[PDB]
Amino acid sequence: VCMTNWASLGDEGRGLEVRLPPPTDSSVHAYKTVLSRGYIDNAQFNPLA
Amino acid sequence: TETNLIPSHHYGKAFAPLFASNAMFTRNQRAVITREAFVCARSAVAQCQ
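Heads up: the protein sequence lines correspond to chains G and H, in order.
Every position in the first sequence, counted from 1, becomes a number in the entry's author numbering once 243 is added.
Every position in the second sequence, counted from 1, becomes a number in the entry's author numbering once 826 is added.
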């Protein structure tokens with residue numbers, strides 16, 4: 244799975260991360276950043292966007 | 827426009843409560859009565875004069 248900075252030491256961090264959960268879980272929370280606030284409930288991705 | 831609109835989904839839901847209200851079929855029923863009350867009244871002032 245794609246987990247950024249899972250192994251980093253001696254620094255504060257950049258500020259943002261992308262951390263997909265493994266495919267047994269949902270992994271929809273990283274594909275709802277634009278055109279997906281109050282239009283589509285927190286269970287689906289938006290395939291038109 | 828809105829945030830994420832589709833002109834097919836949005837026009838379909840907005841025109842859906844207008845095609846259920848039978849005002850298209852209330853026009854035709856009032857039309858033939860207005861025709862049928864016309865000839866029975868045009869020939870009601872033409873047989874008097």
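Heads up, the beta-carbon is just placed ideally off N, CA and C, and yes, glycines get one too.
By the Cβ criterion, the region 271–283 of chain G is in contact with the region 829–844 of chain H, since at least three pairs of Cβ atoms, one from each stretch, lie closer than 8 Å. Rounded to the nearest whole angstrom, the CA to CA distance from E862 (chain H) to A872 (chain H) is 16 Å. Cβ proximity to chain H below 9 Å picks out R280, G281, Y282, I283, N289, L291, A292 from the region 280–292 of chain G.
For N830 (chain H), a Cβ of chain G is located within less than 9 Å of the residue's own Cβ. Here the alpha carbon of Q855 (chain H) sits roughly 10 Å from the alpha carbon of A849 (chain H).
One finds nothing in chain H with a Cβ atom closer than 7 Å to the Cβ of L259 (chain G); even the nearest lies about 23 Å away. For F864 (chain H), the enclosing alpha helix (DSSP H) begins and ends at 850–868.
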